[PDB]
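Asks: Structure, please.
(chains A, B, C, D, E and F, ligands or ions: 6)
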There are 6 protein chains.
Amino acid sequence: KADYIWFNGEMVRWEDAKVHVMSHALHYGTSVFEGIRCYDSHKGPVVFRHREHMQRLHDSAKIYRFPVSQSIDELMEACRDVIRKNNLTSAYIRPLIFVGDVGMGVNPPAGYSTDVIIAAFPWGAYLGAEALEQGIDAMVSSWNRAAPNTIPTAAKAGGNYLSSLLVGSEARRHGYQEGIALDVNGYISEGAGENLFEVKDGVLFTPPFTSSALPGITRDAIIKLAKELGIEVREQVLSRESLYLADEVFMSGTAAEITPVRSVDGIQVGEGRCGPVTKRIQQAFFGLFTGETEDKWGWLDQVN
Amino acid sequence: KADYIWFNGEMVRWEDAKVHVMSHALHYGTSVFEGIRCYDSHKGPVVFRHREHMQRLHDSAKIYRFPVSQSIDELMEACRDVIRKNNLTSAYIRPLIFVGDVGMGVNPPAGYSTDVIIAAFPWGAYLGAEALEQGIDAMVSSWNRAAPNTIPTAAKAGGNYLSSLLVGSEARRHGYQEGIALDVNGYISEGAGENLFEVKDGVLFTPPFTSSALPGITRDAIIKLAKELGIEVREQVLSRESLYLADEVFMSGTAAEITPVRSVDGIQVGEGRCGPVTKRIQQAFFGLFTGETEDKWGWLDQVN
Amino acid sequence: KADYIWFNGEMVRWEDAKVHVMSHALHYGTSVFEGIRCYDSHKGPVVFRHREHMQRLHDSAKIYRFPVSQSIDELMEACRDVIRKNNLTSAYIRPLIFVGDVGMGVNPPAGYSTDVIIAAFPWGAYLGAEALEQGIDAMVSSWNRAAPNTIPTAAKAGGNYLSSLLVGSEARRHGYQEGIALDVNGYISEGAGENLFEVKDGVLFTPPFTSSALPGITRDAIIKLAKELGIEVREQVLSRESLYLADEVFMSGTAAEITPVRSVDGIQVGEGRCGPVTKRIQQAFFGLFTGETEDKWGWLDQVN
Amino acid sequence: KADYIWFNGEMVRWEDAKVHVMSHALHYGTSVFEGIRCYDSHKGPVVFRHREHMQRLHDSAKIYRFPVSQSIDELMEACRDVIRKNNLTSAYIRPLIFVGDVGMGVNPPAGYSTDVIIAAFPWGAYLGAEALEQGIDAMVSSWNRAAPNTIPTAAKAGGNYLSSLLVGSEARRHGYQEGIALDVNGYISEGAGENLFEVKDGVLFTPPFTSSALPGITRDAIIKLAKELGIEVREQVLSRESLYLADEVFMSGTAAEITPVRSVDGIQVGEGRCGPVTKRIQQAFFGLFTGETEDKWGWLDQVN
Amino acid sequence: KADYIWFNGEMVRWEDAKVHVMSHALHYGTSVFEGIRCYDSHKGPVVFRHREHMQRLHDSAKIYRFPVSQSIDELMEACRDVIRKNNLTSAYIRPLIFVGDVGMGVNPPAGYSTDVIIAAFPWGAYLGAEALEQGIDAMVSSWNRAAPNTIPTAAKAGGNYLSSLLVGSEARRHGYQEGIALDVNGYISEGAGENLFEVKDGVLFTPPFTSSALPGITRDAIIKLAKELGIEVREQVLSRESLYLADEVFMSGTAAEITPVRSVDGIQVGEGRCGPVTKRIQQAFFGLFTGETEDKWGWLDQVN
Amino acid sequence: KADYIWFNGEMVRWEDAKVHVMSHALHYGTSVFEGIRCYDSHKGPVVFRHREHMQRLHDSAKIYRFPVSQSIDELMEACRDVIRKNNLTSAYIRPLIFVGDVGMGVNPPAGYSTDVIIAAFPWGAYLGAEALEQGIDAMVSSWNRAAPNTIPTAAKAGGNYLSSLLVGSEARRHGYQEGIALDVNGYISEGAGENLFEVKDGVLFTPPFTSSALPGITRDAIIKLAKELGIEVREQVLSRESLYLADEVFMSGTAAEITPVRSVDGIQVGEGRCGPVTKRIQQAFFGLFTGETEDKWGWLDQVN
Ligand SMILES: Cc1ncc(COP(=O)(O)O)c(CNC(CCC(=O)O)C(=O)O)c1O
Ligand SMILES: Cc1ncc(COP(=O)(O)O)c(CNC(CCC(=O)O)C(=O)O)c1O
Ligand SMILES: Cc1ncc(COP(=O)(O)O)c(CNC(CCC(=O)O)C(=O)O)c1O
Ligand SMILES: Cc1ncc(COP(=O)(O)O)c(CNC(CCC(=O)O)C(=O)O)c1O
Ligand SMILES: Cc1ncc(COP(=O)(O)O)c(CNC(CCC(=O)O)C(=O)O)c1O
Ligand SMILES: Cc1ncc(COP(=O)(O)O)c(CNC(CCC(=O)O)C(=O)O)c1O
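Replies: Residues are numbered from 1 along each chain as shown, chains lettered A, B, ... in the order given. Ligands and ions are numbered 1, 2, ... in the order given. I have put the structure below:
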């Protein structure tokens, strides 16, 4: 937790950041949000692919026509502002744009405005203390990801997560660390809160957005790092069983970073440990914050 | 609006009913809710199909495994309690069960509890002041309803409504009063916040739940009233074009009650006015609150 | 062929009934049509379910918003007029409403009118001189019927038949008399030019319109006749293999009347002949024109 | 209109180019056609990708097994002839091969032949006088494109256009200039009479033929011009929402040439004007008719 | 195991019932089989719905065109013989028709014949010693049932069971007793080796064959017993979540007879024990073997 | 046929290699197998891509969790052993891993083991003595391939072939030599027993595994050979009609090697003969056994 939360421009004490129970988003899933990480690097506290995240936040809101009064630059400034205000050097940031207290009825009244929050706070490995190192055990879920043209899966919206709750909770109830969901066609989509990658014969594979997968920013970074490392990348639909035949499997995400998947549905992947290509990518990723990996794309935004 | 809102057992002043901005449901659409109407009848203030609604609220929570500490009877008592406390004789009630301030991450921590709210307040015709009388103009949306086995459509959950927002807002932007959505198969599903009925050759038609339609309680009541009136009812999949060939078309819902649809995509239905069968059902429905229609199923719960 | 064709309100000799090659319908399938039969009866020449066919014609046009200047009564008089002008007592009637010479570009110019033709002529059994009596060999096509919400299959429009051509020609090229098509879901739809019926344990089955089957008027009469005969009817989705397990199988249509199907894909149906139930239904149908079957629905329109 | 139309090997006068009202294609949509443009250029009148179009015309007929007695070069010579004979230096050409007066019944009799017509005439911007410059407002339709294996969308056949009528008329009735359709999967297919392109981060995107999109000749030309300009091209499935996130959006076609799309469903694309990449491509395209763009592929067939 | 097995017309000893390892069915899953139970009753040993099973065995072979040289009565006599010869009064019978040693290559050579085997042996409760009484815990599988028109699910064929292996083994590995599978549409199909029934508000529900469910003989018997008891039955598509909302849930099958399902995916069904309606049906079922339930349909074939 | 068959570690004379009729695989399609060819070469007898085939065998088993006691090296030695024991220099090898006599009930008892067979024998061209040289006539089947996530199509398992039987037998009954199946989406999948390739404008196309196509080892070698030849390869979804527009079409498989397809559904492909590109590829393939083609990948395993 932390001392302050940026709320519609103001730095509000954490406990005072409250909204009415009749706020639209509590009843209709009408909000869009982001996950952003601030790392303690060789260059000091830096926000990873900051602009990319605020840009996606805007894109998500645009799809639903949620009015956003803050520009991308102003959102970035607020983000850096809230990190410094809480005196954090590393943290997870949660920007949230939502339809507030505007009356009942799924359709908000014409002229309404959205409320915006940006909370920063320390947050450990999404999948566990040993996850990044030893990998996790995944399970293919019995629940499928949203079908195309129902609820936009390119958008990171609150309502989307009922699905992730069903997928993620099932895996956990059965003793697994994360669930992998298939789209409505029976092909691999993504993890409950991560994108899915496969490594086969030295080539990196990952499903396209049209497989109902979120256009992950970690995913995109990985694809770019891989090309820098001379690793071929193929964005293509993947069969459910490809998970059992792949040489390596790993998940990506802002919270999950790069987490090796050592088994799927109880079937061991490779030697049951982090794969060689997964390790190259993982080191190349965390090397961005030690200076070992040259930031050629401009992904480290100085907090100050 | 009103003076009080029932909140976790307590009667809280409306303006004091607030939750933290880090409440789970604001970020992940993790809530289930209901729409219930209290009518000023010949028997005094009565809650229409009260138990049925609280039962559905419980069912929705069960599907997502949201822990609910209140029993159906206790929820009903709270509902009647909040109506009387606000001294209302007619009103719309909004029970809401949601995952509150329990930490970030789509999967709530083991042992967590849900927060529950029940707000009562006057609310007019969902589709307009002239809707019930003259009917409304509907449009078939370009957005489809959630596919089976993605997010349960039998559950009335907050996250579901991103879809209803897209469907409903599109119709309104194009000058229509409500949008009718098709499921992922191209068949009629339901309205953004209503169930859809068709009348053809004296027979009543409506899509099954498997057409991604909510198991409406108004819908169910209509099917029962129709059988009492000697009207044949067929719950079956319906083609998109059946809307243009039906003799009558109408939508049903707690907020929308029974609203005639005089046109679809600009094509006039019948004489462009309330249809004869729609009128019989509408009169039989509102007759429940004047004593004209005998309450044979026990649908009027006395508020007191 | 015959001597005269009703063309926009006037009797034109057959040979002079022509249209410009830049007629819309020739380039964009923009026409709707019907198939009607006139039968010799105890009441003299009678058109079978005349009004129902003209109503469907009107419905097909309505779906595409093709403006139709003729009323249903006017089209009915014109049809009876062409039957008499050609000195026919029995015949096949082909009404055709089509977008004419209005310019290129799929969307016709505002304020356009449609051209209308009604040709009547003798036409033998749709599937053969021995079809009604001995049955036919059918084949399940490798081409599927139009998917829901692409082109309305409840409409009888010209453009629809490219599919019928693919399905029908494939059956014929492989040695069969007619093809049966499956919908995009893999279930039985209809024949290239007729509806499909199955008989099993004394019960009659036929796919609903949502299985991409045209709402056949013959189909409808058979269902109504069957109920009179005390035969149970079930309109439901049917599996492809149900064709091989049915006790009987037959096709219905204005042109094909009631044609038994002795085999499907080379697999013999029942004894390989017109089954007993198909027989009961066929005698009841043709009985309408002898008076042996009472015309309880008012299906025989006298030509005079 | 013009003065001559090529009709079955002979240059007949416009007013004489007629066929019987009982012509097959008028009742069953059994025709295949093309759209070709003749441009006035720095080299006089030139037919754009003349052979390619006549080849597709042949390909379309082949899929439906429509017999074609003319060779590609004879059609090309006839086309060139119609342009000259009518004294046009810029025009739109419409070759049409159709099943004519061969008798009723969807299956044409063995040994029949097709009638062939080729009309040429002046035709302006398909989507408006200001289209090419300012861009147009597009709408995603509520009607879907033909599903795979129903009616081959690889072929340009008359019957295909009932769908294009529904898609295009809907957008026009709602105040847009063109409608974009999704396939039965919920992915972007194509415009009612154009192919769809998106530009994102400098890369050009367009759906594959398997997304129920016609293998456009303008589309193919653009892909080739793009690569020549060093612009990366990706033929891949695209989500419905990608239309709101693309930096640029444009439609391609013979009639529509290269038309920018400044907004989709009311959501502004980029700056609301022609984007930079669409600009380069459009200039390269029209540069062919001035010599500025070297015709490296031989896409210009001099009329003479 | 037992002492004799009927093999191609002769009662061979168990140990001699062998076929070559190059038998077609061993490599291509080309066999059709059945499951039948012989019960000890108030009338001695009786084979339940004996003829029905042998008829389905024939139907299965017919779909795949496997030649069967034995008539239904010869199979019935052989079955009765195997039971007697082995001195059993209660047992499980397994008739199996398979393509034997006819050479490699999926297509058997013209004129081949099938090998037929019929083994009888004592087999207890399919889902456990406590199944029938206490009910079992079911799990919805992550594997889907065969899609329509791929491998006919109306037939009980060997190859079909790779799917049942995946569905059933997954539930068992996760600590459940049986897995319930959804079809490719996301709707309930059937258990890995049983049909699925739900009870809601006194009405009995079960998916149709078109939901990729086998036309179970126990299922059919239950529908008939239900109607006799005045219980309404609805054969209709069912949503995945309906399993959590049903008042009662149970599985049917020859091996599993009538087994209550006390929980699905860990969610308790009703009171967590056999429900009242499942109770009535189960008693009516087993009442057949005591005389309590009058065999009104002739489902008991005395062994003698 | 031959003299000996490797059976669980020992050479058994062909005639004595038998199994009990209660062997699991005979009743539930529970086996996985391979097809391998041994060729006479300049290096003497050589098994083509031997290890790759045994690896796939292992992969097929892994997917179903069938326990396999033999290592890949052990299976390879056994295969070479049976080739020599039978005095063969060229031959077809059939390894078969199957669940044996372990009891009835789809789920085998914990701790079970699988039986393994490896038969080697001479086998002529899969599709005919003139197939490789003159090509074959193919037919698009009316039966579709297994849907994703039902039965893994990446596996070569016995149960899979019920589908291959339906597709292959249908082509053969209608006068063709092989059938081509479409997946549940309506796109080209593969032949009943081989992968499908198309050639268009010098580019080679073939469906990905997600089109329900087996990851053919011949397919893989052709793609690798093609790249050596400087031929561009595109693994992508293909439309059904693309078969009629391709310049060339051929099938690949261990048994069928490289078989040109001269016609599809009676529509001639190219000149009606082995196209030039198919030719280049075919000569490169067979060149491997003459040495004319350098074995750069290590595909020739010497039998010795
Ligand atoms: C469904 C889903 N897919 C993929 C991703 C990966 O996208 P990135 O852009 O690379 O982050 C996320 C991010 N999800 C989370 C945590 C979700 C939660 O709040 O539980 C994250 O990494 O912030 C996600 O929710
Ligand atoms: C998608 C949807 N379908 C059908 C219905 C009809 O169900 P009933 O049980 O008969 O009510 C509702 C209820 N929706 C609303 C209002 C939604 C909103 O809050 O905007 C109602 O009638 O309370 C709904 O949201
Ligand atoms: C696809 C199709 N399905 C069903 C029917 C049956 O409907 P009825 O209303 O009972 O006629 C027809 C009528 N087809 C034809 C002949 C088609 C042709 O002209 O080739 C008819 O009976 O007039 C049809 O074309
Ligand atoms: C559905 C459709 N998609 C794409 C295209 C684009 O293909 P091009 O090869 O690049 O032309 C066309 C051509 N349609 C038209 C106009 C349709 C009409 O006749 O109204 C054309 O450009 O001639 C089309 O009809
Ligand atoms: C997939 C499947 N569904 C339903 C049924 C139920 O049909 P009934 O006709 O009522 O039996 C069975 C029969 N299966 C088994 C056992 C399967 C096995 O061999 O393990 C049976 O009851 O013999 C089945 O295999
Ligand atoms: C469905 C299927 N697809 C593709 C292939 C091609 O894969 P390859 O790895 O290149 O062999 C085969 C192999 N089938 C056979 C023969 C099947 C039969 O036994 O009838 C083969 O080539 O051994 C197959 O069965």
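Asks: Can you name the residues that contact the residue in the stretch 201-304 of chain A positioned nearest to ligand 5?
Replies: In the stretch 201-304 of chain A, no residue comes nearer to ligand 5 than residue A:240, which is 20.4 Å away by CB to the nearest ligand atom. C-betas here are computed from N, CA, C, even on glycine. Counting by CB atoms under 8 Å, 6 or more residues apart in numbering or on different chains, residue A:240 makes contact with A:140, A:182, A:186-188, F:148-149, F:152.
Asks: Among those, which are located in strands?
Replies: Using DSSP state E to define strands, the subset of the contacts of residue A:240 located there is A:140, A:182, A:188.
Asks: Please report how far the closest residue to the first one other than its chain neighbours lies from residue C:303.
Replies: Pointing back at residue A:140 there. Counting by CB to CB, 6 or more residues apart in numbering or on different chains, residue A:140 lies nearest to residue E:142, which is 4.8 Å off, once chain neighbours are set aside. The gap separating residue E:142 from residue C:303 is 64 Å, by CB to CB, to the nearest Å.
Asks: These two - which one has more neighbours?
Replies: residue E:142 (27 against 23; other CB atoms under 10 Å in any protein chain shown).
Asks: Number of residues surrounding residue A:53?
Replies: For residue A:53, using other CB under 10 Å, the count is 25.
Asks: Give me the secondary structure label for it.
Replies: helix (DSSP: H, G, I helix; E, B strand; the rest coil).
Asks: Please name the residues that touch it.
Replies: Contacts of residue A:53 by CB under 8 Å, 6+ apart are A:34-36, A:95, A:217, A:254.
Asks: tell me the two of those that are most distant?
Replies: Spatially, the most separated pair among the contacts of residue A:53 is A:95 and A:217, at 13.1 Å (CB to CB).
Asks: sorry, back to before: export the contacts of residue A:53 to JSON lines and tack on secondary structure?
Replies: Below are the contacts of residue A:53 laid out as JSON lines (three-state DSSP):
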{"residue": "A:34", "secondary structure": "coil"}
{"residue": "A:35", "secondary structure": "coil"}
{"residue": "A:36", "secondary structure": "strand"}
{"residue": "A:95", "secondary structure": "strand"}
{"residue": "A:217", "secondary structure": "helix"}
{"residue": "A:254", "secondary structure": "coil"}
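Asks: export these to a markdown table and tack on neighbour count?
Replies: Listed next are the contacts of residue A:53 as a markdown table, based on neighbours: other CB atoms under 10 Å in any protein chain shown:
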| residue | neighbour count |
| --- | --- |
| A:34 | 24 |
| A:35 | 20 |
| A:36 | 27 |
| A:95 | 25 |
| A:217 | 23 |
| A:254 | 21 |
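Asks: of those residues, closest to chain F?
Replies: Nearest to chain F among the contacts of residue A:53, counting by CB to the nearest CB, is residue A:217 at 25.6 Å.
Asks: Next, the contact list for the closest residue to ligand 2 within chain A, please.
Replies: Chain A approaches ligand 2 most closely through residue A:106 (3.8 Å), counting by CB to the nearest ligand atom. With contact set as CB under 8 Å, 6+ apart, residue A:106 has these partners: A:28, A:30, B:161, B:164-165, B:168, B:192-193.
Asks: Among those residues, name the ones in helices.
Replies: A:28, B:161, B:164-165, B:168 (DSSP state H).
Asks: Go back to these and keep what's next to ligand 2.
Replies: Among those, the residues that sit close to ligand 2 (CB under 6 Å from any ligand atom) are residue B:164.
Asks: Just list whatever residues bridge to residue A:188.
Replies: Residues in a beta bridge with residue A:188, per DSSP bridges, are residue A:182.
Asks: for the ones in strands among the contacts of residue A:240, which one is nearest residue C:111?
Replies: residue A:182 (51.6 Å).
Asks: How many residues are close by the closest one?
Replies: Residue A:182: 27 neighbours (other CB under 10 Å).
Asks: could you check the distance from it over to residue E:142?
Replies: Taking CB to CB, one finds residue A:182 at 8 Å from residue E:142.
Asks: what does residue A:289 give?
Replies: 37 Å.
Asks: and what of residue A:120?
Replies: Distance from residue A:120 to residue E:142, by CB to CB: 37 Å.
Asks: The residue of the stretch 1-150 of chain A found nearest chain B: what's it in contact with?
Replies: Proximity to chain B, evaluated over the stretch 1-150 of chain A using CB to the nearest CB, is greatest for residue A:29 at 3.1 Å. By CB under 8 Å, 6+ apart, the contact set of residue A:29 is A:157-162, B:29, B:157-162.
Asks: In the residues you listed, find the pair that's most separated.
Replies: For the contacts of residue A:29, and using CB to CB, no pair is farther apart than A:157 and B:157, which are 13.8 Å apart.
Asks: Now residue A:82: phi and psi?
Replies: Main-chain dihedrals, residue A:82, degrees, to the nearest 10: phi -70, psi -30.
Asks: Just to check, it is in contact with residue A:7?
Replies: No. In terms of CB atoms under 8 Å, residue A:82 does not count as a neighbour of residue A:7; the distance is 9.7 Å.
Asks: which one of the two has more residues nearby?
Replies: Neighbour count, other CB under 10 Å: between residue A:82 and residue A:7, residue A:82 has more, with 26 against 21.
Asks: For the stretch 101-250 of chain A, which segments count as helices?
Replies: With DSSP state H, counting those that start in this stretch as the criterion, the stretch 101-250 of chain A has helices at A:131-134, A:161-173, A:217-228, A:242-245.
Asks: among the ones you listed, which is the most enclosed?
Replies: helix A:161-173 (a mean of 24; mean count of other CB atoms under 10 Å in any protein chain shown).
Asks: Please see if that helix touches chain E.
Replies: Yes. With CB under 8 Å from any CB of the partner chain as the criterion, chain E is reached by helix A:161-173 at A:170, A:173.
Asks: name the helices or strands packed onto that helix?
Replies: In this structure, helix A:161-173 packs against strand A:136-144, strand A:178-182, helix B:24-28, helix B:50-64, with contacts taken as 3 or more CB pairs under 8 Å, 6 or more residues apart in numbering or on different chains; DSSP states H and E.
Asks: Just say which of the ones you listed is most tucked in.
Replies: helix B:24-28 (a mean of 29).
Asks: and that helix, how far out from the chain's middle?
Replies: Offset of helix B:24-28 from its chain centre (CA atoms, centre = their mean, to the nearest Å): 22 Å.
Asks: And for it, what's in contact with it?
Replies: By CB under 8 Å, 6+ apart, helix B:24-28 touches A:19, A:23, A:25-26, A:31, A:33, A:94, A:96, A:98, A:158, A:161-162, A:164-165, B:19, B:30-31, B:98-104, B:106, B:108, B:158-159.
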